[PDB]
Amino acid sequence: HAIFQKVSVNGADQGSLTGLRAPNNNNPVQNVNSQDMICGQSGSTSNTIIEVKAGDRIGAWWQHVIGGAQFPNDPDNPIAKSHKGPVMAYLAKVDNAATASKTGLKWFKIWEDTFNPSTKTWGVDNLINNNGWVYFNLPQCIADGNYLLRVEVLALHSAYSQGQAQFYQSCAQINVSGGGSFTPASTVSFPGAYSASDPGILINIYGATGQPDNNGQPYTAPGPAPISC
């Protein structure tokens, strides 16, 4: 239960919900065929388009509710520690990030923080450790113009049952300058890129003692592999 609700650009705070298509509630999406999978449930919208350079260091801030912790000493802020799982980021080229319809876009993955088996650290663990922030660089080679930046948390604490993995997503509206001439060799659809039977979605992450360490085994995030320039 958390909402991607803020972007930073090379450390510069862009402001709460600025440039975002974000849900107004922290409930998860569990049907991977739903249109809610694209940018989360329909909620707040922004007319701002965040100016970025190719290669910039992007921060995506997650918190329990809109504005931060739900109450003093909220143990589930930025997100509950039980919610082990990967964090992923996608891009989709659009003409106008402010007015583009979210449906039918062509997505490619640019970054993910999944699971380190030897340290037993999930991407959500790093999210919690960074006070709700996840950090990644935009590719240096992507072309100039508007994009939708989709950042996603996949919580697997109940994912041992079909259709009970929990997805939390928002979209950031950005414009890229100083880019290159990269075009993805292939793209995926949302909904469509994920199946409920994917080994990273229908999965028992619990080991012998009941700890969510995936029994020390490597984890396969759903969707395509991140592009590289």
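Numbers follow the displayed sequence, beginning with 1.
13-21 and 203-211 differ in mean CA B-factor, and the higher of the two is recorded for 203-211. Of the two segments examined, 31-39 and 181-189, it is 181-189 that shows the higher average Cα temperature factor in the deposited entry.
When the C-alpha B factors of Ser44, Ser195, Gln162, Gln173 are read from the deposited coordinates, the top value falls at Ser44.
Annotation for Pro86: C-alpha temperature factor in the middle third relative to the rest of the modelled chain, per the entry. The entry lists a Cα temperature factor for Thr121 that places it in the lowest third of the chain's modelled residues. Per the deposited record, the Cα B-factor of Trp111 falls in the lowest third when ranked against the other modelled residues of its chain. The entry lists a Cα temperature factor for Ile3 that places it in the lowest third of the chain's modelled residues.
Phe136 sits in the middle third of its chain by CA B factor, as recorded in the PDB entry.
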